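For reference, the chain that follows is the form deposited in one PDB entry, supplied as structure tokens.
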């Protein structure tokens, strides 16, 4: 590769996406890793490792009907809430990608329809180590084992995200890597119900060039890092499918899991 106006443009495009990513996302991976390795002071987050620490930490760290449920559904609702504010941050980030807004506004909504879920799993890995996950913008940390201990089907909810993350986090990407990767994902041309594929594919080819040069510059030691990273976009499609398939079984047994607390109370009296 050479220093030239083409290489310079791709660096300028990467700089633009980083700064825009730093503005769109309060809790970055650098911040996260700091809190996770205890070399922070911003905040020492509250650790939820059992039912005891759950309730001791819930007070200290939602509508009124949704207040009073099985511990499972209270936490799941914490993930529904976060998943809704995550979508706005990503929509904010999407806007700052050269060419994105200048497309069919129906194509934009489509690219974010299917995009958001993959980005959420991508950025979730940033908040994760082998022991658990940063929640409530880094103020808590819920353990993998506590999450796995929850009532079925909920106790299977986060476990694939952890498996993805371990593999993903071993690539050792930083916020400047992830910024371009995330923009590559959003401008996916092979997505359902798109009018003008071509201009989405054009932006993405430029983003893929930007990513390649980023990974070569930023990861001298590792290699086929570029290809390993495009393969992850497959592990993500499969994880999303499994998440949605799971959310079907969870939106089917709507309040069978929130009733059983009260059926137990009525049972003990009887």
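For clarity, a rigid core is taken as the largest C-alpha set superposing within 1.5 Å between two forms. Residue numbers count along the first chain shown, from 1.
One more form of this protein, deposited with a partner chain bound, exists but is not displayed; see below.
Which of 143, 91, 149, 176 has a heavy atom within 4.5 Å of its partner chain in the deposited bound form?
Only one option qualifies, and that one is 91.
Would you please decide whether residue 133 lies within 4.5 angstroms of its partner chain in the deposited bound form, comparing each non-hydrogen atom pair?
Close contact is absent here: in the deposited bound form, residue 133 is far from its partner chain, nothing within 4.5 Å, heavy atoms only.
Would you classify residue 108 as touching its partner chain in the deposited bound form, given a 4.5 Å non-hydrogen atom cut-off?
Contact check for residue 108: yes, within 4.5 Å of its partner chain in the deposited bound form.
Give a yes/no on whether residue 100 approaches its partner chain to within 4.5 Å in the deposited bound form, heavy atoms considered.
Yes, residue 100 sits close enough to its partner chain in the deposited bound form that at least one of its heavy atoms falls within 4.5 Å.
Wondering, does residue 71 line up within 4.5 Å of its partner chain in the deposited bound form on heavy atoms?
Looking in the deposited bound form, residue contacts with its partner chain do not include residue 71, since no heavy atom lies within 4.5 Å.
Answer yes or no: in the deposited bound form, does its partner chain come within 4.5 Å of a heavy atom in every one of 95, 112 and 116?
Every residue of the spot touches its partner chain in the deposited bound form.
Quick one: with the rigid core lined up, which of 68, 44, 224, 241 moves its CA 2 Å or more between the shown form and the other one?
Everything else stays below 2 Å; the exception is 68.
Report the direction of the Cα distance change between residue 143 and residue 69 in the deposited bound form, compared with the displayed form, as closer or farther; the change is 3 Å or more.
Compared with this form, residue 143 and residue 69 lie farther apart in the deposited bound form.
Distance trend in the deposited bound form - C-alpha atoms of residue 143 and residue 264, change of 3 Å or more
Closer is correct, given that in the deposited bound form the C-alpha spacing of residue 264 to residue 143 is reduced by at least 3 Å.
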